[PDB]
Amino acid sequence: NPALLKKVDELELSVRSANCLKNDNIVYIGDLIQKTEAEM
DNA sequence: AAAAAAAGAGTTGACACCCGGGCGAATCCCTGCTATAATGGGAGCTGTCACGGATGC
């Protein structure tokens, strides 16, 4: 799917979500969608 | 099963500034006054008709 090319901070869900995503060092949505509940 | 904080709000002083209103100064517009003698004017058709009307005796 072409949606994976978009960055993780391209949806602006919330401030805490952006903070934890930046702390996790994620650039693509695939690494976040793969981890369902373990890494979350 | 409990219990406090980055944001989210809410302000509180602390500059940075940006046209406005005066203070100047430098400079525009008006108006009148000049003392020998000045003394009637320059284009323009004029190589279309024909009609339809307005004056005159």
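Derivation of every value follows stated rules applied to the coordinates shown; laboratory data play no part. Methodologically, a virtual Cβ is constructed for each residue, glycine included, from the backbone with ideal geometry; neighbour enumeration extends over all protein chains shown.
Run a plain Debye calculation on chain A (Cα atoms as equal point scatterers, no solvent) and give log10 I(q)/I(0) at q = 0.22 Å⁻¹, rounded to two decimals, same order as the q list.
Computed log10 I(q)/I(0) values: -0.71.
Using only alpha carbon pairs under 8 Å that are at least six residues apart, calculate the relative contact order of chain A and give it in whole percent.
Relative contact order here is 47 percent.
Between A:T36 and A:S17, what length in nm is gained on full extension when 0.36 nm per residue of separation is reduced by their alpha carbon distance?
Full extension from A:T36 to A:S17 adds 5.3 nm.
Where does each of A:1-10, A:19-28 land if you order them by average Cβ count within 10 Å, highest first?
Descending packing order for the listed peptides: A:19-28, A:1-10.
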